[PDB]
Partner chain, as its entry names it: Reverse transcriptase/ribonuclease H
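Shown below, as structure tokens, is a lone chain in the form solved without its partner chain; questions about how it binds or moves come after it.
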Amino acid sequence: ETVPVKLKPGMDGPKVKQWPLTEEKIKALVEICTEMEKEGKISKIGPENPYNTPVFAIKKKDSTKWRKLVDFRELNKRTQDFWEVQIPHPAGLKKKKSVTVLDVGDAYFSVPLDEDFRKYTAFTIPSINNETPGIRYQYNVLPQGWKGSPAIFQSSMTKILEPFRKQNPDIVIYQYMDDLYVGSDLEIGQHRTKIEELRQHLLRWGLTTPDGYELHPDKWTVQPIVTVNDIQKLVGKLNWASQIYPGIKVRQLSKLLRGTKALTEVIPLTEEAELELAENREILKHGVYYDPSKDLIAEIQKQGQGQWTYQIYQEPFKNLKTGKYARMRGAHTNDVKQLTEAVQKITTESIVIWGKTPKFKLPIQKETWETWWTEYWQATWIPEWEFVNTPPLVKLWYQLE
């Protein structure tokens, strides 16, 4: 029985023009869709259907095989709120040594979609070289990219993950849309095989996965701190921290390090050193509070060569996070391609940290972005974005600024 779903009250279905596509991407979309139809994942529809949603084709990682990407941003805004289902967002996830991202989207296609709602998923596939009108389809199954899919597939996913979660209590698995984020502190080799065990478990359920994507949230921000061998570790950490806090205490701890004492030797804790340790922990340890009910906003500025700066906030001037991205040496300069990668990363961070995608303000012209962005986009999701409003300067040769 299809889980009944409704649009938000007083809201109609999405109508969004389908953007023009390259012959190559079209030829891929046609072939992809022809097969989705044979499998009954989608069905042709008649002229009686007003609604439309935009579609494109991307390629993930090194894969030369095309993936279809539908833009549900409108539909998702207009869809009912599933929050009843949502399991508070894990804070520990961002702490983990390694976090891998799996695309579970294939799972959704085994679940039928409510017959009443299907009309709203309508999309148009342009023909080759626009020789004939485009063909319009809809979704008979939970589509990838629609916020309803994960909410409705929740119970089923929980069942699939249960055994592995029981078997690995120290591994955190968190889902956002079509992606499964698996964190852990395990040695990278151990972690990797844990992912592979997972992938083989999901495969037992018929759920197929593409090779994972490795993240190291450890390296996103600069971080707080934590036998004779151990006392050397501390002293080394304080000396390092000394270049930061001039008040860090050293000599008292150094006084205990004089000797031939072996690694095994256990040094006693003197009342002289403990003062330096308690005061050090004291210099170790505010910020701005994050409100789950509000929205995350991300502003991006271009710093002029390879450089881009960003801030993430809710109320202006109060920033939850600020950072910078820079173009690699030896990389061609393409501002859209670079900006596209920055947006995807900032989003990945927001997803991992607050479990939410920020609304973007992009330092670039609307036209440029909307033309190019799909070329460089590797993500299964798209955020909301807004372009700074200024007109670009148009100057002919014979004109003087």
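Here, rigid core means the biggest group of C-alpha atoms that superpose within 1.5 Å across both forms. Residue numbers count along the first chain shown, from 1.
This next part talks about the form solved in complex with its partner chain, which is not shown.
S.K.: Even though its partner chain is not shown here, does residue 348 get within 4.5 Å of it in the deposited bound form, heavy atoms only?
M.R.: No, residue 348 is distant from the partner.
S.K.: Do residue 148 and its partner chain come within 4.5 Å of each other in the deposited bound form, heavy atoms counted?
M.R.: Contact check for residue 148: no, nothing within 4.5 Å of its partner chain in the deposited bound form.
S.K.: At the 4.5 Å heavy atom threshold, is residue 40 in contact with its partner chain in the deposited bound form?
M.R.: Contact with its partner chain, no.
S.K.: With the partner left out here, check for me: in the deposited bound form, does some heavy atom of residue 341 sit within 4.5 Å of its partner chain?
M.R.: Result no; residue 341 lies far from its partner chain in the deposited bound form.
S.K.: Have a look at 101, 160, 173, 228 for me and say which one sits with a heavy atom within 4.5 Å of its partner chain in the deposited bound form.
M.R.: Contact residue from the list: 228.
S.K.: Between 134, 112, 217, 90, only one gets a heavy atom within 4.5 angstroms of its partner chain in the deposited bound form; which residue is that?
M.R.: Exactly one residue meets the criterion: 134.
S.K.: For the chain shown here without its partner, which stretch in 67 to 75, 191 to 199, 162 to 170, 235 to 243 has non-hydrogen atoms within 4.5 angstroms of its partner chain in the deposited bound form?
M.R.: Only one stretch passes the 4.5 Å heavy-atom test: 235 to 243.
S.K.: Does any residue in 20 to 47 get within 4.5 Å of its partner chain in the deposited bound form, counting heavy atoms only, and if so which ones?
M.R.: Going through 20 to 47 in order - heavy atoms within 4.5 Å of its partner chain in the deposited bound form - the hits are 20, 21, 22, 23, 44, 45, 46, 47.
S.K.: Superposing on the core, which single option in 102, 253, 298, 122 has a CA shift of 2 Å or more between this form and the one not shown?
M.R.: After core superposition, the one over threshold is 253.
S.K.: For residue 22, state whether the C-alpha moves by 2 Å or more between this form and the one not shown after rigid core superposition.
M.R.: Shift at residue 22: below 2 Å after core fit.
S.K.: Given a superposition on the rigid core, I'd like a yes or no on whether residue 196 shifts its C-alpha by 2 Å or more between this form and the one not shown.
M.R.: No; that C-alpha moves by less than 2 Å between this form and the one not shown.
S.K.: Establish whether a shift of 2 Å or more occurs at the C-alpha of residue 243 between this form and the one not shown, with the two forms superposed on the rigid core.
M.R.: After core superposition, the displacement of the residue 243 C-alpha between this form and the one not shown reaches the 2 Å mark, so yes.
S.K.: Since the Cα-Cα distance for residue 322 and residue 390 shifts by 3 angstroms or more in the deposited bound form, is it a contraction (closer) or an expansion (farther)?
M.R.: It is closer: in the deposited bound form, the C-alpha atoms of residue 322 and residue 390 lie at least 3 Å nearer than they do here.
S.K.: Do residue 185 and residue 238 have their C-alpha atoms closer or farther apart in the deposited bound form than here, with the shift being 3 angstroms or more?
M.R.: Result: farther.
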